[PDB]
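Only one chain is included here, represented as structure tokens and corresponding to the form deposited in one PDB entry.
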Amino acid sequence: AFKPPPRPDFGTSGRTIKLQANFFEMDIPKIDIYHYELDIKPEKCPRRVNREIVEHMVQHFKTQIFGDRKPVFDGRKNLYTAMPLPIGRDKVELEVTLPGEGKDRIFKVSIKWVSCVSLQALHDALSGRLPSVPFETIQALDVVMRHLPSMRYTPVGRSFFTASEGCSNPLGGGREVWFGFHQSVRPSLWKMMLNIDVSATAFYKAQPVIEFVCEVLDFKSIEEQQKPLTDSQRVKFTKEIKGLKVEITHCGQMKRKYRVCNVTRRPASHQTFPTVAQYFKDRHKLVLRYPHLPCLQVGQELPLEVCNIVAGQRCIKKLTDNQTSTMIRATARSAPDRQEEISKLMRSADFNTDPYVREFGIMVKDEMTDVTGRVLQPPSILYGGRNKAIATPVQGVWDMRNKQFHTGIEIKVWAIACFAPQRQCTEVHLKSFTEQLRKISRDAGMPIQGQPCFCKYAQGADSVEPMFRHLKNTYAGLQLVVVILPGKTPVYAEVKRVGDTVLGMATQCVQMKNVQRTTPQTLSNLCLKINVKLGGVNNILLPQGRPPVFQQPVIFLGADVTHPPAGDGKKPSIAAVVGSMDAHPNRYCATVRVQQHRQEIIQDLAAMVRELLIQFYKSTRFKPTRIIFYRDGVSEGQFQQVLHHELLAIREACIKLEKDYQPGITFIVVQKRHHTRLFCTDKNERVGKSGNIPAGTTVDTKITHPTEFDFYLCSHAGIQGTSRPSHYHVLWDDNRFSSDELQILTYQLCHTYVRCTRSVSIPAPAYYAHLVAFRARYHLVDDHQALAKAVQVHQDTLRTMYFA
């Protein structure tokens, strides 16, 4: 096994900044708690009614089994007590009746002593005496902290939602925003923390289906529809209730929870039922109030006044762009807004009154955790030309105005293939676009010497490969093909398949709307991409400002795996790995593979890293003495696996390059998907309307691991909403990095992303790896080895950053 190195030091670089984090300190006793296992018969029940069963079991066998003890329940098979039960260590069988009268099911439950979970061991791990934190104890504490919320609120994953209080938040036809919160127990130095963040989703309004139709079909009242429903109205009302659940209410106090299927075009009166309207006057004595609305077909092969909408449905449906817009009005709050909302939620949830967390002697603080962060100094960015301009990122941003590329490509043979309609993308557009692009190019030190040698329209994907062939054969020295497109078109994937994998020709696509009208910003970022695609070097980190790691040859790797949505039989997951090819580091080379459907481990990593090392040795004439590996998208539970496989893969790739070649490996996992938020304590340190922490804000205390080498770094400037600081976890480090050195290196690498002049949220290696997987997915658009070949890039473009 490979265990991650401990935190080497605590880091002191940068200017300090006071922060608050959405972690609330917990007070955890040092006594042991007791874990029992449950099995409820039958097992054809939702998780909610298993919780009701267990609650009635605790209330019924109070004097026999439990007593004053108030246990907690996972929902499936895990019960926990703060005191041992009198049942001993052997299984016990109990009979639990379920109340309701209209339906009374009998359940056979079995309680069995499993284990004695030690909170003292948890405290030992929180101090660092024990190196690794017990996951099972963390799970027990979690179950304890979400026992009551799982029953008083609506559970959705690790979040809980409710219907506000009074004034709802109307969304659209039959929906409304529910506000909720994610909750999770996390370990940290000396103390457990309760991590709380706010969230929202969409639920169906618990209204009678009449109101449903009124809001779906825009009726001031139901008396509006004094005629039968029209063609488009039936299908409209169908697409909104095709699978929802309704409650038949023509019954007494007794209710129903029958699901829904389709909608008829027969208004009850005119539907032969071997009519329906007739059926409701004789079977039950209920004259229909609206015998002109349609019926709700059920299941697979009823009036709208008899049905209601079953409260609590989560609306798994997709939302209208206007419901998405109102959702973002409600959810993407400024950082102070979200801070205040989390604090208010924690002040109202009253965890220090939950009888179950108090049964276990736990207390939760009401205030966010104070964290002393550090704003790291941003690197200076060296540009080119007679000026040799230096750019200083200011709040994570700089501009290329009055600056020229470090090394700018002279473009002197290029073509234009316009797959947009000539009627819409006229020749005046092409002329003025060329003029403006050339002006911006010359301004940036990437001059385009003369008009395009070739400039023609075309249509259809079938035209792509022939044309390019012609272009490659009839125009010598062809550097670039600009491909104007009319929007999302199958022509794009074909352009990339031909230019990247078949012929090895560099292409730059551009949307019609950016040729008809140009702006300096769009043309400039496009020039960035064009330059690096022709081998340019837009800029480099100021050489002297870099950490000491650059005093010897070093290669930086970025790796990512993209998966398809669940359900696809094969749709192989795409693994991409990129590697730096110079000391700057600016140029990166890519490798990609298809592998088992939804597998996170990069199976063929050894071969890919071998390719990258070979290219590095060829380009620099030296072998790296250090390998810095940035690995994206790995969960805690996958650490052991991925580390064991991929560390060994890298070592193999090394020794396959040379017998005794053992460079030091730094394996770092990059994670953006978490629920950690950081807020400025001083209103003066807030940046740009959103009110976020400054770019470069770093945290490696109070919410990080108690013993291991992890840290939050927010390297980007937040625009709208609350910034998501990237989290970094060092799974392996032969090179004995200091906290400061590694944090600074990560930050500086975040300024080497060629596609834009701003510090981005993750290091350029990782971002490039994502881009490479994206392009690979595009290359598969038209057998396993067939796919593996289709995703193989031509040898001439492999030399370039075609994925920019």
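Here the rigid core means the biggest group of C-alpha atoms that line up within 1.5 Å when the two forms are laid on top of each other. Numbers follow the displayed sequence, beginning with 1.
Keep in mind the form deposited in another entry is missing from the figure; the text below concerns it.
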Quiz prompt | Sole member of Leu288, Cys654, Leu485, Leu480 with a C-alpha shift of at least 2 Å between this form and the one not shown (core-superposed) | solution = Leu288
Exercise. Superpose on the rigid core, then tell me if the C-alpha of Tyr753 is displaced by 2 angstroms or more between this form and the one not shown.
Key: no
Exercise. Would you say whether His770 is displaced between this form and the one not shown, judging by a C-alpha shift of 2 Å or more on the superposed rigid core?
Key: no
Quiz prompt | Large Cα move at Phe219 between this form and the one not shown, threshold 2 Å, rigid core | solution = yes
